[PDB]
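Here's the structure, in structure tokens; my notes come after.
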Amino acid sequence: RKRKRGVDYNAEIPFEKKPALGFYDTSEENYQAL
Amino acid sequence: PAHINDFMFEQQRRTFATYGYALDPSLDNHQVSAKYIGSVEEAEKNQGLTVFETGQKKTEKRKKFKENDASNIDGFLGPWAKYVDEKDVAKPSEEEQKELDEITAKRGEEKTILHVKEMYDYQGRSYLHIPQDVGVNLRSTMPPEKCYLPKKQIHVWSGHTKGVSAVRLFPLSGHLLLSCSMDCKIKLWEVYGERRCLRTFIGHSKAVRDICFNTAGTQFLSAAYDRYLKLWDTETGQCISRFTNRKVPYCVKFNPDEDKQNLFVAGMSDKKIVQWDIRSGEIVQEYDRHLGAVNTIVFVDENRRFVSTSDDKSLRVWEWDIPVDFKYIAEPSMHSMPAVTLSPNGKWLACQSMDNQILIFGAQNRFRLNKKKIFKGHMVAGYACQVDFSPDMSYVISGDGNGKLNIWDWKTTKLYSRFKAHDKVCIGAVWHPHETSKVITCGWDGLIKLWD
Amino acid sequence: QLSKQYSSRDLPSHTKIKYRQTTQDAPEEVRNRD
Amino acid sequence: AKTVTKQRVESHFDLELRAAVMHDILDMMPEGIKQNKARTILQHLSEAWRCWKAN
Amino acid sequence: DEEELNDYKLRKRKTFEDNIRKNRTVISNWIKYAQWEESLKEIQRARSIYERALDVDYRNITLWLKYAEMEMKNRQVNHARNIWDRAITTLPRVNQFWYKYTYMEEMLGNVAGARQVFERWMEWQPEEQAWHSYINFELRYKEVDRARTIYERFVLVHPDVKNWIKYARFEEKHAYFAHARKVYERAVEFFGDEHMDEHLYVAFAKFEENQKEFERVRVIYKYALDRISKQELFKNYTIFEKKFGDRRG
Amino acid sequence: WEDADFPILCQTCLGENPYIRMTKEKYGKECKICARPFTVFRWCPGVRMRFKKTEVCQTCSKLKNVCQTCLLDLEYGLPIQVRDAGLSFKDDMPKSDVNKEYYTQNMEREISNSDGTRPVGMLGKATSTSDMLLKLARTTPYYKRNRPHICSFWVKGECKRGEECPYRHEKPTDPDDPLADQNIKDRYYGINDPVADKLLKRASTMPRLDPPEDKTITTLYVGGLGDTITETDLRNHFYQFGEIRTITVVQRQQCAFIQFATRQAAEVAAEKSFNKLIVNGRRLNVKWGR
Amino acid sequence: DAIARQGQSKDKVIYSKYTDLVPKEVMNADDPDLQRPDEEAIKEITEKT
Amino acid sequence: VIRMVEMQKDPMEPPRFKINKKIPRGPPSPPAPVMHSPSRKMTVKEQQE
RNA sequence: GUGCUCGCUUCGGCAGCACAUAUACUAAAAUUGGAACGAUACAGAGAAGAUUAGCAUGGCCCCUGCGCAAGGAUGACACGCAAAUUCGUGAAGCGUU
Ligand SMILES: [Mg+2]
Ligand SMILES: [Mg+2]
Ligand SMILES: [Mg+2]
Ligand SMILES: [Mg+2]
């Protein structure tokens, strides 16, 4: 190993912005898989 | 950003330091009183005197010297004058010194934990006493009536902290099984009954590479990674002798001859096989016509001959303590052989060749490679899969690093079973000679299985 | 995170501002003029 | 932030000429709503220059 | 699916990252990265992706669109509504935003919400076709009180005679003829003298022809002609044809 | 780099004497979290007790709300893995080099818009400090922290400086203990802290009230009442916590029994009350009756 | 206006109302609306700046 | 009540830390609202012009 | 510890006064982790047929240089090219018959 941006992809959402929330019920919302 | 003066803070700090109690400093808008905080009753009984303000103390002033003549050539301790009640050399206890040398080894200290509450059984007898509560004689000579393939797990030994590198069957009984783990532990499990770990041996500075049980079964010669091996007993568990040529041994085999059972042959990576007597302790003979890493050497023809393998593809049959490799084999196509096991008939050396398959040779006849006995289907390149033979010469057991326990019908050259043995490299797949279904597996997985 | 590198051109130079004097054209006379 | 010295004088003149073009019309007198083909008006501009030079 | 697949993912991800690293302008790479993600079904990834792309260019209708399309196809319906309102907050004068917001709200059933978002929308006095779809929405329901409230607001933000006309159109069809009369009165007295002209009046005469009141049809006809700017010439021939009509029928 | 007013650490790390002495160096060293230069304030912990120093960026601190020297939370004081889970907290802090640097940069930008009073983000919307955290919280200042290391000389014998061995000349811990090698970065990231797993085992084995089998056992026996209690006081213990159906205050055995009107209300009152429902000082035992 | 000013201080002016789009009318060159700060405030802000 | 003292900086001490670290630029601001006039789509004729 | 008490008061001490006032990345360590442009080997050089000069643009690439100068194969990498767009697919929505 020496891979300085290689694992930014399989590991984490590389540079993350959380979708801003507005006026609605977002917590209990969630999604099914593949 | 309060503003205070300092000389009084320094007097307060001197007090709070050397008398242990302090004038409480809280400047609360709730008007508290001047109170001694810290060692309250100390300040109370001492009348509050600060470390700076003069007050009477009959405390014994520590015993000091006084040589104040600067005319002395070797004299003036002067302002630096030692306190006379002080020691000369601050040496910490011999106990912690010996323990510190041992720990500097630990990062090898011969260290043994018997997990059995009573080390000897209900007769005062060490578990080196072969059972009579066995349902079949674990001291018999004959092959099993019919050994077959396994279909269910029996017992799993947990108690090794990493990948295991060997499991040694106690000779002729299979009542004890030493399990060597990368965590440097050689832990003997009672192979029957409770299946629980019996003994825990340690003493290496690195991985536990191999152990070989003595033809008396009371001894075992254990080679490791840090250039030294231990000739250890079982019940005391410690090494009676130390083997060391300062070389990297890979495997070791104990000669079964009762008048030569002190003769241990330990392969070294430097072209070498050492023939050394435990009793004397030095190398008695050399076998230095290998090319490099000698992976393993085994007994043949009443154990007076030694078979050897190399990663240099040099395979050898040369007599015990006769240092001339008088039977040499290195084909163009034959690849590295990690492991070689003699069929319990003594007719064949079945060596797992690292070409992902196992090759059988006639060990009694002219170094003949039987291509009608070529076991297919493993992946052994890079792994030393320990493959074995059941007692009836009908069944062979084989490991793969892919989690595959293969149970083959060694006659039909084909496997009848292929199942999950381990998760990590399935190293030792040993068929029990006195049990019909028993396939005991060690591996890099740290769990030690019996299947039946 | 202020570096210690430096430059020949950033040496101090021209450290006084010439202010526009009385006779040249000070903002005062500009306040007046027709 | 390197200066413009003597070897980047022509290169720099063209950086800035073709920047100015791209500001100038192909994004401030469009109404070619789609995607204003600025990459192709710049190709005209370079062929207009070659044709001026060759008469 | 342990590592052959996973490393195929690693590759395609690193590619898309390098393409958007090079440009990070024109968006096709942003989209294709994100839709590849959605097809692999990691909507948290795809979500952050659309937020970053929206950062670099928050004036992209297609970006907003396909962002919310992901949210709707995956029915994080709350998330989707947040998306839509943020959109219509930052790019109000885009219409398809408002549209898709409503349509999704409708098949959601929260028609109270749809009404209020249309109130929002009309605060901008958007557009004729916008009003008209508002009204078709309201008359997917009974709500004729609503419909005439909206024709009220629409014709009175937009001084059009034919807007007047469509108001009375709906009055005639949904059978409120007295209201049609009031609206013809209101219309002609607002438009009135100067720039009021033929066609509102021909519609009035025709509705009263439906009423078969011939003498007042005559009086409204000639009285409007005479009171307001009269005629021009081709329209006067049209007045002659309509005159034969009104006299005969 | 950052600029500070003073450190952030617990009382244990903070000290005992009323007048504390700490020296400041601006841009002294690198926060192993923010990775960049920080200020370093160095505090004299105790008499012959190891001088400590500030060991994380103040923003790297306000991030998770822990001790910039003691490393444990500032409200409770348990491993950050623990405290987070005791709030059921789930932080998305990025890990890789470029990802972490970008995260730290925008983090400092977002924290610049703060007023310096309390940690940022979910650190407030998780402020329901559960009695689990309250109970795992240490009580007194475990001031063994400011004792020095194992004077490797004094472990082999060598520490010939007299009593001035720079380190506690005791028996060195067998590093076979999981409580030995916890990489500071991992302890900060909440990454496999064996001491935290020990706190998990402890707060899992620590006594809590047990659930019964059948739903129709809505009678709850509270053992150890005493004769300073009232039926209305047992009520006011378990009354607005739901509805109670009845209560038997057994004075011939010093206990109680609340028959409830809501099962989950009974659960709330009793499970929260296990051995700690201390009204007028008597250790009652909340269970479901026979 | 909250969704607009989302995560922003009460300093930000965020025009999103139509009543900002609508053309105001002014006809007085002598209104308060059309008058700059007087030079006292100006010299104060000069000194602070 | 606490005494802060400023620890000496050694004069002959080189810089201590690798300053030149590159990362992308942080996310901008809360986007403004586009307060535009009603925009007109062009005829296909115009478009071909 | 240094002096002086008209201190006991002998030239022993005891005492009082004064004076003198807070060091220090505590460690000789023990750790723990990455590079050496070095070998090893693979590799293996812009545009148009060949042979070649360059100067730039972009950026989570740097190196040598005091350098905002200059050089490092034009220093390297930039490579699908999307793109709409030409005909049709469909869905949504408004209006006429
Ligand atoms: Mg060429
Ligand atoms: Mg150059
Ligand atoms: Mg050159
Ligand atoms: Mg270049």
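Order determines the names: the first chain of the structure tokens is A, the second B, and so forth; residues in each chain are numbered 1 upward, and ligands are numbered 1 upward as they are shown.
For chain E, the residues having at least one atom no farther than 7 Å from chain A, when counting only C-alpha atoms, are residues 10, 13, 41, 45, 47, 48, 51, 52, 76, 78, 79 and 82 of chain E.
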If you keep N, CA, C and O atoms, can you produce a file of those selected residues as a compact mmCIF listing (two decimals), in the first residue's frame?
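Final file, part_33.txt:
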```
# COMPACT_ATOMS: atom_id res chain seq x y z
N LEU E 10 -14.45 0.01 -8.13
CA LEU E 10 -13.33 0.88 -7.81
C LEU E 10 -12.81 1.58 -9.05
O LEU E 10 -12.60 2.80 -9.06
N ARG E 13 -15.47 4.13 -10.54
CA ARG E 13 -15.51 5.26 -9.63
C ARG E 13 -14.31 6.17 -9.81
O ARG E 13 -14.45 7.39 -9.90
N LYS E 41 -27.43 1.24 -7.01
CA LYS E 41 -28.28 1.44 -5.84
C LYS E 41 -27.48 1.77 -4.57
O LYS E 41 -27.49 1.02 -3.59
N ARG E 45 -24.49 7.81 -1.73
CA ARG E 45 -23.50 8.26 -2.68
C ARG E 45 -24.12 9.22 -3.70
O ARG E 45 -23.69 10.37 -3.82
N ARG E 47 -26.73 10.90 -3.71
CA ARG E 47 -27.22 12.13 -3.11
C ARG E 47 -26.11 13.14 -2.95
O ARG E 47 -26.23 14.27 -3.44
N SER E 48 -25.03 12.76 -2.27
CA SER E 48 -23.90 13.67 -2.15
C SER E 48 -23.42 14.13 -3.52
O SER E 48 -23.01 15.29 -3.70
N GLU E 51 -25.56 16.88 -4.75
CA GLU E 51 -25.34 18.12 -4.02
C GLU E 51 -24.08 18.81 -4.50
O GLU E 51 -24.08 20.03 -4.70
N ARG E 52 -23.00 18.06 -4.69
CA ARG E 52 -21.77 18.69 -5.16
C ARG E 52 -21.95 19.30 -6.55
O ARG E 52 -21.53 20.44 -6.80
N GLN E 76 -38.46 8.57 -1.67
CA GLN E 76 -38.17 9.26 -0.42
C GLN E 76 -38.98 10.55 -0.46
O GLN E 76 -38.45 11.65 -0.43
N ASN E 78 -40.70 12.59 1.08
CA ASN E 78 -40.33 13.77 1.85
C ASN E 78 -39.08 14.44 1.27
O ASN E 78 -39.07 15.65 1.02
N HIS E 79 -38.01 13.66 1.07
CA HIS E 79 -36.80 14.16 0.44
C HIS E 79 -37.11 14.84 -0.88
O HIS E 79 -36.60 15.93 -1.16
N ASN E 82 -38.68 18.26 -0.36
CA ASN E 82 -37.66 19.24 0.00
C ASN E 82 -36.89 19.69 -1.23
O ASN E 82 -36.64 20.89 -1.42
```
If you run DSSP on the backbone, which residues of stretch 127-251 of chain B are strand (DSSP E), as a ChimeraX atom specification? /B:153-157,164-169,176-181,186-190,197-202,208-213,219-224,228-233,239-244,249-251
Which residues form the shell of 8 Å around ligand 1 when you count only C-alpha atoms (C1' of nucleotides) and all ligand atoms, given as a list in words? residues 47, 48 and 50 of chain I
Which polymer residues have any atom within 10 Å of an atom of residue D:3, counting only C-alpha atoms (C1' of nucleotides), with same-chain residues fewer than 4 positions away left out, as a PyMOL selection string? (chain D and resi 8) or (chain I and resi 68-69)
Just give me the gap between atom CA of residue F:159 and atom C1' of residue I:30 in Å, one decimal is fine. 13.3 Å
